[PDB]
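Here is the file entry_2.cif (mmCIF, C-alpha atoms).
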data_run
#
loop_
_atom_site.group_PDB
_atom_site.id
_atom_site.type_symbol
_atom_site.label_atom_id
_atom_site.label_comp_id
_atom_site.auth_asym_id
_atom_site.auth_seq_id
_atom_site.Cartn_x
_atom_site.Cartn_y
_atom_site.Cartn_z
ATOM 1 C CA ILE A 7 12.554 -19.271 0.032
ATOM 2 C CA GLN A 8 11.450 -17.977 -3.353
ATOM 3 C CA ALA A 9 8.912 -15.866 -5.206
ATOM 4 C CA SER A 10 5.927 -17.709 -6.657
ATOM 5 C CA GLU A 11 4.970 -17.194 -10.278
ATOM 6 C CA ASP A 12 1.996 -15.113 -9.132
ATOM 7 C CA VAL A 13 4.560 -12.803 -7.572
ATOM 8 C CA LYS A 14 6.817 -12.847 -10.627
ATOM 9 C CA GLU A 15 3.881 -11.718 -12.776
ATOM 10 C CA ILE A 16 3.535 -8.713 -10.480
ATOM 11 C CA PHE A 17 7.303 -8.187 -10.760
ATOM 12 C CA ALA A 18 7.007 -8.006 -14.545
ATOM 13 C CA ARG A 19 4.042 -5.634 -14.378
ATOM 14 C CA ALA A 20 6.038 -3.426 -11.998
ATOM 15 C CA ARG A 21 9.161 -3.358 -14.181
ATOM 16 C CA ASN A 22 6.870 -2.626 -17.122
ATOM 17 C CA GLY A 23 6.177 0.591 -15.220
ATOM 18 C CA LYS A 24 2.651 -0.233 -14.058
ATOM 19 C CA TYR A 25 3.669 0.147 -10.415
ATOM 20 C CA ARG A 26 5.870 2.759 -8.729
ATOM 21 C CA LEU A 27 6.762 0.449 -5.865
ATOM 22 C CA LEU A 28 6.180 -2.918 -4.243
ATOM 23 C CA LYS A 29 6.394 -3.899 -0.597
ATOM 24 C CA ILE A 30 7.705 -7.446 -0.227
ATOM 25 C CA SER A 31 7.439 -9.533 2.921
ATOM 26 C CA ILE A 32 8.394 -13.047 3.931
ATOM 27 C CA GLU A 33 5.379 -15.107 4.957
ATOM 28 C CA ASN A 34 5.635 -18.829 5.612
ATOM 29 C CA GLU A 35 8.945 -19.233 3.760
ATOM 30 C CA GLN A 36 7.606 -17.354 0.738
ATOM 31 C CA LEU A 37 8.284 -13.901 -0.756
ATOM 32 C CA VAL A 38 4.927 -12.144 -1.049
ATOM 33 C CA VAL A 39 3.786 -8.742 -2.311
ATOM 34 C CA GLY A 40 2.347 -6.880 0.653
ATOM 35 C CA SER A 41 1.406 -3.657 -1.123
ATOM 36 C CA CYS A 42 1.727 -1.861 -4.461
ATOM 37 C CA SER A 43 0.953 1.515 -6.015
ATOM 38 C CA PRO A 44 0.832 2.868 -9.582
ATOM 39 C CA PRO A 45 3.000 5.899 -10.419
ATOM 40 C CA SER A 46 1.484 9.369 -10.020
ATOM 41 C CA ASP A 47 4.129 12.086 -10.413
ATOM 42 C CA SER A 48 7.937 12.195 -10.609
ATOM 43 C CA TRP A 49 9.798 9.625 -8.527
ATOM 44 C CA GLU A 50 10.794 12.102 -5.790
ATOM 45 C CA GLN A 51 7.198 13.121 -5.215
ATOM 46 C CA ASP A 52 6.056 9.486 -5.283
ATOM 47 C CA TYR A 53 8.820 8.510 -2.835
ATOM 48 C CA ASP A 54 7.577 11.004 -0.259
ATOM 49 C CA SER A 55 3.981 9.892 -0.655
ATOM 50 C CA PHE A 56 4.374 6.096 -0.856
ATOM 51 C CA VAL A 57 7.412 4.761 1.031
ATOM 52 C CA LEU A 58 7.101 5.691 4.716
ATOM 53 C CA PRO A 59 3.446 4.611 5.225
ATOM 54 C CA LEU A 60 4.529 1.034 4.466
ATOM 55 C CA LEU A 61 7.049 0.581 7.299
ATOM 56 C CA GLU A 62 5.913 -1.233 10.477
ATOM 57 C CA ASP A 63 7.678 -0.288 13.704
ATOM 58 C CA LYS A 64 8.479 -3.834 14.811
ATOM 59 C CA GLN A 65 8.519 -5.763 11.548
ATOM 60 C CA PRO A 66 11.047 -5.824 8.688
ATOM 61 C CA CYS A 67 10.072 -5.714 5.038
ATOM 62 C CA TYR A 68 11.599 -4.871 1.687
ATOM 63 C CA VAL A 69 10.492 -2.004 -0.517
ATOM 64 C CA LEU A 70 11.381 -2.034 -4.207
ATOM 65 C CA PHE A 71 10.989 1.533 -5.487
ATOM 66 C CA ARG A 72 11.021 2.318 -9.206
ATOM 67 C CA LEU A 73 12.920 5.391 -10.413
ATOM 68 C CA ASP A 74 12.125 7.294 -13.618
ATOM 69 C CA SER A 75 15.543 6.566 -15.131
ATOM 70 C CA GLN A 76 16.507 3.407 -17.008
ATOM 71 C CA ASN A 77 19.572 1.295 -17.745
ATOM 72 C CA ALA A 78 20.101 -1.221 -20.572
ATOM 73 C CA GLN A 79 17.580 -3.538 -18.891
ATOM 74 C CA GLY A 80 14.723 -1.100 -18.294
ATOM 75 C CA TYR A 81 13.729 1.067 -15.330
ATOM 76 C CA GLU A 82 16.207 1.360 -12.475
ATOM 77 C CA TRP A 83 15.124 0.522 -8.938
ATOM 78 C CA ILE A 84 16.012 1.273 -5.338
ATOM 79 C CA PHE A 85 16.130 -1.841 -3.141
ATOM 80 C CA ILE A 86 15.124 -0.788 0.375
ATOM 81 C CA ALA A 87 15.776 -3.241 3.209
ATOM 82 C CA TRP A 88 13.792 -2.125 6.259
ATOM 83 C CA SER A 89 14.835 -3.776 9.529
ATOM 84 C CA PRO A 90 13.684 -1.887 12.676
ATOM 85 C CA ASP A 91 15.729 -2.511 15.806
ATOM 86 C CA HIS A 92 12.551 -3.205 17.760
ATOM 87 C CA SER A 93 12.156 -6.205 15.446
ATOM 88 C CA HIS A 94 12.517 -9.775 16.626
ATOM 89 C CA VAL A 95 16.068 -11.087 16.066
ATOM 90 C CA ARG A 96 14.791 -14.067 14.093
ATOM 91 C CA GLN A 97 13.022 -11.665 11.728
ATOM 92 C CA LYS A 98 16.119 -9.478 11.474
ATOM 93 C CA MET A 99 18.161 -12.562 10.550
ATOM 94 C CA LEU A 100 15.572 -13.923 8.126
ATOM 95 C CA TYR A 101 15.220 -10.728 6.121
ATOM 96 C CA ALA A 102 18.956 -10.026 6.007
ATOM 97 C CA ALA A 103 19.657 -13.591 4.862
ATOM 98 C CA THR A 104 16.912 -13.596 2.231
ATOM 99 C CA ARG A 105 17.661 -10.168 0.740
ATOM 100 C CA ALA A 106 19.999 -11.554 -1.925
ATOM 101 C CA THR A 107 17.339 -14.123 -2.808
ATOM 102 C CA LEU A 108 14.729 -11.452 -3.538
ATOM 103 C CA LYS A 109 17.301 -9.558 -5.569
ATOM 104 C CA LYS A 110 17.942 -12.612 -7.758
ATOM 105 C CA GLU A 111 14.216 -13.326 -8.148
ATOM 106 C CA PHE A 112 13.558 -9.724 -9.183
ATOM 107 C CA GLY A 113 16.575 -9.436 -11.459
ATOM 108 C CA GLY A 114 19.735 -7.955 -9.991
ATOM 109 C CA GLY A 115 20.430 -5.961 -13.136
ATOM 110 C CA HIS A 116 17.392 -3.803 -12.445
ATOM 111 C CA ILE A 117 18.705 -2.696 -9.038
ATOM 112 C CA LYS A 118 20.610 0.596 -9.080
ATOM 113 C CA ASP A 119 20.740 1.433 -5.369
ATOM 114 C CA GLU A 120 20.576 -0.658 -2.197
ATOM 115 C CA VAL A 121 19.523 1.089 1.000
ATOM 116 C CA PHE A 122 19.318 -0.321 4.526
ATOM 117 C CA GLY A 123 17.623 1.290 7.504
ATOM 118 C CA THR A 124 16.590 0.574 11.091
ATOM 119 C CA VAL A 125 14.844 3.914 11.746
ATOM 120 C CA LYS A 126 12.486 5.724 9.350
ATOM 121 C CA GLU A 127 14.910 8.588 8.777
ATOM 122 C CA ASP A 128 17.383 6.127 7.205
ATOM 123 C CA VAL A 129 14.963 5.271 4.419
ATOM 124 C CA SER A 130 13.048 8.513 3.978
ATOM 125 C CA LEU A 131 13.588 10.496 0.786
ATOM 126 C CA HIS A 132 16.180 12.527 2.700
ATOM 127 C CA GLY A 133 17.792 9.291 3.839
ATOM 128 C CA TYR A 134 18.036 8.039 0.279
ATOM 129 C CA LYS A 135 19.571 11.323 -0.885
ATOM 130 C CA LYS A 136 22.160 11.196 1.889
ATOM 131 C CA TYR A 137 22.895 7.594 0.905
ATOM 132 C CA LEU A 138 23.586 8.621 -2.679
ATOM 133 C CA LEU A 139 26.202 11.026 -1.316
ATOM 134 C CA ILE B 7 -18.260 -8.975 -7.975
ATOM 135 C CA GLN B 8 -17.177 -10.634 -4.725
ATOM 136 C CA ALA B 9 -14.096 -10.781 -2.514
ATOM 137 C CA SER B 10 -11.906 -13.886 -2.608
ATOM 138 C CA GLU B 11 -10.834 -15.651 0.576
ATOM 139 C CA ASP B 12 -7.312 -14.356 -0.067
ATOM 140 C CA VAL B 13 -8.794 -10.896 0.315
ATOM 141 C CA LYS B 14 -10.891 -11.896 3.318
ATOM 142 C CA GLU B 15 -7.796 -13.158 5.118
ATOM 143 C CA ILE B 16 -6.328 -9.670 4.699
ATOM 144 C CA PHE B 17 -9.614 -8.111 5.841
ATOM 145 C CA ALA B 18 -9.293 -10.093 9.074
ATOM 146 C CA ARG B 19 -5.692 -8.989 9.615
ATOM 147 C CA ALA B 20 -6.744 -5.396 9.005
ATOM 148 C CA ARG B 21 -9.669 -5.537 11.427
ATOM 149 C CA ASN B 22 -7.343 -7.049 14.019
ATOM 150 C CA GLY B 23 -5.606 -3.672 13.897
ATOM 151 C CA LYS B 24 -2.611 -4.641 11.766
ATOM 152 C CA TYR B 25 -3.550 -2.137 9.081
ATOM 153 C CA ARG B 26 -4.636 1.483 9.249
ATOM 154 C CA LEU B 27 -5.666 1.473 5.604
ATOM 155 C CA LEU B 28 -6.658 -0.889 2.820
ATOM 156 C CA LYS B 29 -7.053 0.306 -0.751
ATOM 157 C CA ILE B 30 -9.432 -1.930 -2.689
ATOM 158 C CA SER B 31 -9.734 -2.047 -6.456
ATOM 159 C CA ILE B 32 -11.704 -4.043 -8.991
ATOM 160 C CA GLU B 33 -9.425 -5.913 -11.399
ATOM 161 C CA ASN B 34 -10.739 -8.570 -13.785
ATOM 162 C CA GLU B 35 -14.203 -8.727 -12.214
ATOM 163 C CA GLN B 36 -12.654 -9.299 -8.790
ATOM 164 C CA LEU B 37 -12.154 -7.285 -5.592
ATOM 165 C CA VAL B 38 -8.451 -7.029 -4.758
ATOM 166 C CA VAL B 39 -6.293 -5.301 -2.164
ATOM 167 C CA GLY B 40 -3.865 -3.005 -3.919
ATOM 168 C CA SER B 41 -2.303 -0.933 -1.183
ATOM 169 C CA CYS B 42 -2.292 -1.187 2.583
ATOM 170 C CA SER B 43 -0.592 0.742 5.344
ATOM 171 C CA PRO B 44 0.081 -0.224 8.973
ATOM 172 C CA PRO B 45 -0.846 2.348 11.647
ATOM 173 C CA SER B 46 1.816 4.905 12.568
ATOM 174 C CA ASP B 47 0.347 7.596 14.795
ATOM 175 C CA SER B 48 -3.265 8.471 15.725
ATOM 176 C CA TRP B 49 -5.954 8.065 13.071
ATOM 177 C CA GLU B 50 -6.142 11.832 12.496
ATOM 178 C CA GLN B 51 -2.376 12.132 12.196
ATOM 179 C CA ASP B 52 -2.313 9.228 9.692
ATOM 180 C CA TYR B 53 -5.345 10.235 7.597
ATOM 181 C CA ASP B 54 -4.287 12.671 4.878
ATOM 182 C CA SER B 55 -0.754 11.331 4.522
ATOM 183 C CA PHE B 56 -2.062 7.783 4.014
ATOM 184 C CA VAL B 57 -5.274 8.377 2.077
ATOM 185 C CA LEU B 58 -4.763 11.230 -0.369
ATOM 186 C CA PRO B 59 -1.654 9.966 -2.198
ATOM 187 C CA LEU B 60 -3.447 6.733 -3.142
ATOM 188 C CA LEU B 61 -6.372 8.449 -4.882
ATOM 189 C CA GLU B 62 -5.682 8.387 -8.639
ATOM 190 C CA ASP B 63 -6.901 11.288 -10.771
ATOM 191 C CA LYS B 64 -8.670 9.132 -13.360
ATOM 192 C CA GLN B 65 -9.253 5.834 -11.584
ATOM 193 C CA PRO B 66 -11.908 4.935 -8.989
ATOM 194 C CA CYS B 67 -11.095 2.871 -5.896
ATOM 195 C CA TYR B 68 -12.309 2.118 -2.388
ATOM 196 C CA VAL B 69 -10.409 2.984 0.762
ATOM 197 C CA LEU B 70 -11.129 1.344 4.095
ATOM 198 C CA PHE B 71 -9.626 3.553 6.805
ATOM 199 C CA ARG B 72 -9.449 2.321 10.394
ATOM 200 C CA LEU B 73 -10.308 4.600 13.314
ATOM 201 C CA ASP B 74 -8.832 4.246 16.809
ATOM 202 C CA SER B 75 -12.291 3.817 18.326
ATOM 203 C CA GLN B 76 -14.165 0.534 18.613
ATOM 204 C CA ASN B 77 -17.774 -0.622 18.759
ATOM 205 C CA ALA B 78 -19.164 -3.936 20.049
ATOM 206 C CA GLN B 79 -17.632 -5.694 17.017
ATOM 207 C CA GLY B 80 -14.143 -4.183 17.196
ATOM 208 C CA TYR B 81 -12.415 -1.261 15.481
ATOM 209 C CA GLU B 82 -14.706 1.115 13.591
ATOM 210 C CA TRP B 83 -13.918 2.004 9.971
ATOM 211 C CA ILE B 84 -14.523 4.745 7.426
ATOM 212 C CA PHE B 85 -15.582 3.390 4.028
ATOM 213 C CA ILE B 86 -14.455 5.784 1.278
ATOM 214 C CA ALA B 87 -15.807 5.464 -2.269
ATOM 215 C CA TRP B 88 -13.523 7.378 -4.643
ATOM 216 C CA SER B 89 -14.741 7.985 -8.203
ATOM 217 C CA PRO B 90 -13.031 10.891 -10.058
ATOM 218 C CA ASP B 91 -14.840 12.789 -12.793
ATOM 219 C CA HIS B 92 -12.027 11.937 -15.206
ATOM 220 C CA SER B 93 -12.558 8.187 -14.751
ATOM 221 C CA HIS B 94 -14.041 6.045 -17.513
ATOM 222 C CA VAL B 95 -17.836 5.804 -17.313
ATOM 223 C CA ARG B 96 -17.587 2.011 -17.233
ATOM 224 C CA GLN B 97 -15.340 2.265 -14.171
ATOM 225 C CA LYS B 98 -17.688 4.692 -12.415
ATOM 226 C CA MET B 99 -20.581 2.293 -12.995
ATOM 227 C CA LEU B 100 -18.596 -0.770 -11.914
ATOM 228 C CA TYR B 101 -17.447 0.706 -8.616
ATOM 229 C CA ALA B 102 -20.818 2.226 -7.757
ATOM 230 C CA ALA B 103 -22.566 -1.100 -8.419
ATOM 231 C CA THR B 104 -20.039 -3.081 -6.384
ATOM 232 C CA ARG B 105 -19.803 -0.775 -3.341
ATOM 233 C CA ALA B 106 -22.600 -2.457 -1.403
ATOM 234 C CA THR B 107 -21.077 -5.880 -2.036
ATOM 235 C CA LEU B 108 -17.714 -4.788 -0.634
ATOM 236 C CA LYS B 109 -19.406 -3.442 2.499
ATOM 237 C CA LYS B 110 -21.084 -6.818 3.031
ATOM 238 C CA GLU B 111 -17.860 -8.737 2.354
ATOM 239 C CA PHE B 112 -15.974 -6.630 4.909
ATOM 240 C CA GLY B 113 -18.806 -6.561 7.417
ATOM 241 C CA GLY B 114 -21.210 -3.646 7.566
ATOM 242 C CA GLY B 115 -21.075 -3.821 11.343
ATOM 243 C CA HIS B 116 -17.499 -2.562 11.285
ATOM 244 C CA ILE B 117 -18.301 0.445 9.084
ATOM 245 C CA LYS B 118 -19.130 3.553 11.108
ATOM 246 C CA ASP B 119 -19.142 6.128 8.314
ATOM 247 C CA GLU B 120 -19.544 5.960 4.549
ATOM 248 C CA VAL B 121 -18.177 8.754 2.387
ATOM 249 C CA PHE B 122 -18.239 9.364 -1.368
ATOM 250 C CA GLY B 123 -16.007 11.708 -3.331
ATOM 251 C CA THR B 124 -15.044 12.779 -6.856
ATOM 252 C CA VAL B 125 -12.437 15.357 -5.789
ATOM 253 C CA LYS B 126 -9.922 15.080 -2.944
ATOM 254 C CA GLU B 127 -11.614 17.855 -0.974
ATOM 255 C CA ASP B 128 -14.599 15.515 -0.595
ATOM 256 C CA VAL B 129 -12.614 12.840 1.204
ATOM 257 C CA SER B 130 -9.667 14.562 2.908
ATOM 258 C CA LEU B 131 -9.635 14.566 6.726
ATOM 259 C CA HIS B 132 -11.268 17.996 6.608
ATOM 260 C CA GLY B 133 -13.852 16.697 4.144
ATOM 261 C CA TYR B 134 -14.605 13.756 6.439
ATOM 262 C CA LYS B 135 -15.010 15.977 9.510
ATOM 263 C CA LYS B 136 -17.320 18.286 7.556
ATOM 264 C CA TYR B 137 -19.300 15.239 6.450
ATOM 265 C CA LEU B 138 -19.710 14.191 10.083
ATOM 266 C CA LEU B 139 -21.235 17.594 10.845
#
Let me see the file written as structure tokens.
Amino acid sequence: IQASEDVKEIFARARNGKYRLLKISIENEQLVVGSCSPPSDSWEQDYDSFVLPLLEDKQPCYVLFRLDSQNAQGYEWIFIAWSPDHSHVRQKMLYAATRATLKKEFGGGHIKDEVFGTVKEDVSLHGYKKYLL
Amino acid sequence: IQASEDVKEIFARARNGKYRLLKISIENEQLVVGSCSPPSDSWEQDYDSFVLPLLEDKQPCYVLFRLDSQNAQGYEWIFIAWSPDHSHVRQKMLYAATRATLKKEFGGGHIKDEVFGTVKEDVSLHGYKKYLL
């Protein structure tokens, strides 16, 4: 499973700062962009407004969220792996096994934090803050 | 000035109930889906939290918001035309001239209400309810 070049173009636009976040899903053995949004305010404000509405109750997905800070390679990102317990086991397995693949395709050096969650609280802004602790 | 089949496949998934909201933009003379959100709670509970954050201050867009009610053709939708005063004139013209086409591409029979707005107050849940009156 990999990201097509159409997807990698979106990845570049996102890391360029054009998007605040990207929702990535696995569809037919392919990593696809399921949603995206340009930045509006500071990252904290954008996190509250954009992250939670993307999470399905019985379907895993990944959410790459762009912070305002940068490292030697550009903006830093939060890699959110959403895997609800009400999800099908096959889907749970597929997303967990393909997570490292998406990371490589996106550029591991751009990932600052990696968060996992099975309930919305785990990946809410509060959840991220507690994770950082 | 038309929607691709890639977009129409998403329109079908949305109308099936998979999405509560679809944000549509015009990029490179083409209608594209930028952001989408699955349903969480009731349509009224989802409205402002899903819609408002996606409305850029200086960029027009279209938002297709799904209600919980259905007509003879399936779920009914609210078709929101967002065109801020601080948007470029070209953009305002482009979106206003393409609105009717989008309606046709999505299926006018699924659109229960059509709302226009240049400020958030015009298209918030309160604004929509006032419009209905």
Post-fit chain A coords, all in-order Cα pairs vs chain B, as a short mmCIF file (atom, residue, chain, number, x, y, z; two decimals) with C-alpha atoms, in the coordinates of the input:
data_model
loop_
_atom_site.label_atom_id
_atom_site.label_comp_id
_atom_site.auth_asym_id
_atom_site.auth_seq_id
_atom_site.Cartn_x
_atom_site.Cartn_y
_atom_site.Cartn_z
CA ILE A 7 -17.91 -9.91 -8.01
CA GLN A 8 -16.49 -10.95 -4.66
CA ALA A 9 -13.42 -10.93 -2.43
CA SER A 10 -11.21 -14.01 -2.59
CA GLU A 11 -10.18 -15.75 0.60
CA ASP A 12 -6.68 -14.31 0.19
CA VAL A 13 -8.34 -10.92 0.42
CA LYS A 14 -10.53 -11.92 3.36
CA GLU A 15 -7.41 -12.96 5.28
CA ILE A 16 -6.08 -9.43 4.77
CA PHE A 17 -9.48 -8.10 5.87
CA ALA A 18 -9.19 -10.01 9.14
CA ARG A 19 -5.61 -8.85 9.70
CA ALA A 20 -6.76 -5.27 9.09
CA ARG A 21 -9.72 -5.48 11.48
CA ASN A 22 -7.35 -7.07 13.99
CA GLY A 23 -5.63 -3.68 13.86
CA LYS A 24 -2.55 -4.72 11.89
CA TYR A 25 -3.35 -2.23 9.14
CA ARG A 26 -4.57 1.37 9.35
CA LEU A 27 -6.13 1.26 5.90
CA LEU A 28 -6.65 -0.77 2.75
CA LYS A 29 -7.13 0.41 -0.81
CA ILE A 30 -9.51 -1.89 -2.68
CA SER A 31 -9.90 -2.00 -6.44
CA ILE A 32 -11.92 -4.03 -8.90
CA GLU A 33 -9.72 -6.00 -11.28
CA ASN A 34 -11.16 -8.58 -13.65
CA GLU A 35 -14.44 -8.95 -11.74
CA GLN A 36 -12.60 -9.39 -8.45
CA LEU A 37 -12.15 -7.20 -5.35
CA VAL A 38 -8.41 -6.88 -4.76
CA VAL A 39 -6.24 -5.12 -2.17
CA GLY A 40 -4.25 -2.48 -4.00
CA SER A 41 -2.33 -1.07 -1.04
CA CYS A 42 -2.10 -1.28 2.75
CA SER A 43 -0.29 0.41 5.63
CA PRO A 44 0.22 -0.40 9.33
CA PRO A 45 -0.86 2.21 11.90
CA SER A 46 1.70 4.79 13.04
CA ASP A 47 0.07 7.51 15.15
CA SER A 48 -3.50 8.57 15.98
CA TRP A 49 -6.07 8.11 13.22
CA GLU A 50 -6.18 11.81 12.28
CA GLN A 51 -2.44 11.92 11.72
CA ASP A 52 -2.54 8.64 9.79
CA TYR A 53 -5.44 9.91 7.66
CA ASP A 54 -3.43 12.92 6.51
CA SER A 55 -0.39 10.80 5.72
CA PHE A 56 -1.99 7.75 4.06
CA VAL A 57 -5.28 8.52 2.27
CA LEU A 58 -4.64 11.10 -0.45
CA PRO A 59 -1.53 9.47 -2.01
CA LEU A 60 -3.71 6.50 -2.97
CA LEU A 61 -6.21 8.32 -5.21
CA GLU A 62 -5.69 8.20 -9.00
CA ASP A 63 -7.02 11.15 -11.00
CA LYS A 64 -8.91 9.09 -13.58
CA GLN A 65 -9.61 5.85 -11.75
CA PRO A 66 -12.05 5.01 -8.94
CA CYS A 67 -11.13 2.92 -5.93
CA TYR A 68 -12.34 2.28 -2.41
CA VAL A 69 -10.39 3.13 0.72
CA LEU A 70 -11.28 1.42 3.99
CA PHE A 71 -9.78 3.52 6.80
CA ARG A 72 -9.59 2.21 10.36
CA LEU A 73 -10.41 4.59 13.23
CA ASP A 74 -9.08 4.23 16.78
CA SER A 75 -12.57 3.81 18.25
CA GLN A 76 -14.52 0.56 18.43
CA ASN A 77 -18.11 -0.67 18.50
CA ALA A 78 -19.45 -4.02 19.74
CA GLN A 79 -17.80 -5.72 16.76
CA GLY A 80 -14.30 -4.25 17.00
CA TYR A 81 -12.63 -1.23 15.40
CA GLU A 82 -14.85 1.19 13.50
CA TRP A 83 -14.05 2.06 9.90
CA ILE A 84 -14.61 4.79 7.34
CA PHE A 85 -15.71 3.47 3.94
CA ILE A 86 -14.37 5.87 1.31
CA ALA A 87 -15.75 5.56 -2.23
CA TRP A 88 -13.48 7.49 -4.59
CA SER A 89 -14.97 8.17 -8.03
CA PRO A 90 -13.23 11.01 -9.96
CA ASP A 91 -15.33 12.72 -12.61
CA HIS A 92 -12.53 12.29 -15.13
CA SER A 93 -13.15 8.55 -14.71
CA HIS A 94 -14.63 6.39 -17.44
CA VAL A 95 -18.42 6.04 -17.05
CA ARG A 96 -18.20 2.25 -17.05
CA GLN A 97 -15.77 2.45 -14.12
CA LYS A 98 -18.00 4.95 -12.32
CA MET A 99 -20.94 2.56 -12.74
CA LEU A 100 -18.95 -0.53 -11.77
CA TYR A 101 -17.61 0.90 -8.52
CA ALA A 102 -20.92 2.45 -7.48
CA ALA A 103 -22.75 -0.82 -8.17
CA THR A 104 -20.18 -2.97 -6.36
CA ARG A 105 -19.80 -0.78 -3.27
CA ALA A 106 -22.49 -2.63 -1.31
CA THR A 107 -20.81 -5.91 -2.26
CA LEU A 108 -17.49 -4.87 -0.73
CA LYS A 109 -19.33 -3.68 2.36
CA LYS A 110 -20.95 -7.11 2.81
CA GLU A 111 -17.66 -8.93 2.19
CA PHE A 112 -15.88 -6.76 4.76
CA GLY A 113 -18.67 -6.87 7.32
CA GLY A 114 -21.17 -4.02 7.31
CA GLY A 115 -21.21 -3.86 11.10
CA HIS A 116 -17.64 -2.62 11.10
CA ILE A 117 -18.48 0.42 8.95
CA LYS A 118 -19.22 3.59 10.93
CA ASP A 119 -19.04 6.23 8.21
CA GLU A 120 -19.52 6.16 4.43
CA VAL A 121 -17.93 8.94 2.41
CA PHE A 122 -18.15 9.59 -1.33
CA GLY A 123 -15.99 11.97 -3.34
CA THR A 124 -15.20 12.98 -6.92
CA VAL A 125 -12.47 15.52 -6.09
CA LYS A 126 -9.68 15.06 -3.53
CA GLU A 127 -11.05 17.75 -1.23
CA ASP A 128 -14.21 15.64 -0.72
CA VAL A 129 -12.22 12.82 0.85
CA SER A 130 -9.37 14.66 2.53
CA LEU A 131 -9.27 14.74 6.32
CA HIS A 132 -11.05 18.10 6.12
CA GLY A 133 -13.61 16.54 3.79
CA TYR A 134 -14.28 13.75 6.24
CA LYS A 135 -14.69 16.21 9.12
CA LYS A 136 -17.15 18.29 7.10
CA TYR A 137 -19.02 15.08 6.27
CA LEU A 138 -19.38 14.23 9.94
CA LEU A 139 -21.06 17.61 10.40
#
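Near chain A, within 7 Å and counting all atoms listed in the file, the residues of chain B are residues 40, 41, 42, 43, 44, 56 and 59 of chain B.
When the PyMOL selection byres ((chain A and resi 24-26) around 10) is evaluated on the file shown here, the picked residues come out as residues 16, 17, 18, 19, 20, 21, 22, 23, 27, 28, 42, 43, 44, 45, 46, 47, 48, 49, 52, 53, 56, 70, 71, 72, 73, 74 and 83 of chain A.
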Give me the result of the PyMOL selection byres ((chain A and resi 112-117) around 10) on this file, residue by residue, as a compact mmCIF listing (two decimals) with C-alpha atoms, in the coordinates of the input.
# COMPACT_ATOMS: atom_id res chain seq x y z
CA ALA A 9 8.91 -15.87 -5.21
CA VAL A 13 4.56 -12.80 -7.57
CA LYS A 14 6.82 -12.85 -10.63
CA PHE A 17 7.30 -8.19 -10.76
CA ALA A 18 7.01 -8.01 -14.54
CA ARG A 21 9.16 -3.36 -14.18
CA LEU A 70 11.38 -2.03 -4.21
CA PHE A 71 10.99 1.53 -5.49
CA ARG A 72 11.02 2.32 -9.21
CA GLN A 76 16.51 3.41 -17.01
CA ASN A 77 19.57 1.30 -17.74
CA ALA A 78 20.10 -1.22 -20.57
CA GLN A 79 17.58 -3.54 -18.89
CA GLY A 80 14.72 -1.10 -18.29
CA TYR A 81 13.73 1.07 -15.33
CA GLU A 82 16.21 1.36 -12.48
CA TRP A 83 15.12 0.52 -8.94
CA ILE A 84 16.01 1.27 -5.34
CA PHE A 85 16.13 -1.84 -3.14
CA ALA A 106 20.00 -11.55 -1.92
CA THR A 107 17.34 -14.12 -2.81
CA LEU A 108 14.73 -11.45 -3.54
CA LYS A 109 17.30 -9.56 -5.57
CA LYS A 110 17.94 -12.61 -7.76
CA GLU A 111 14.22 -13.33 -8.15
CA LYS A 118 20.61 0.60 -9.08
CA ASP A 119 20.74 1.43 -5.37
CA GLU A 120 20.58 -0.66 -2.20
Open item on the list: Starting from the PyMOL selection byres ((chain B and resi 37) around 9), expand the selection into actual residues of this file and give them as a VMD selection string.
Closed with: chain B and resid 7 to 10 13 30 to 36 38 to 39 104 108
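Taking atom CA of residue 127 of chain A and atom CA of residue 50 of chain B as the two end points, the separation is 21.6 Å.
Considering only C-alpha atoms, the residue among B:124, B:75, B:89, B:130 positioned nearest to residue 103 of chain B is B:89.
As for atom CA of residue 134 of chain B and atom CA of residue 94 of chain B, they are spaced 25.2 Å apart.
Of note, atom CA of residue 136 of chain B and atom CA of residue 102 of chain B are spaced 22.5 Å apart.
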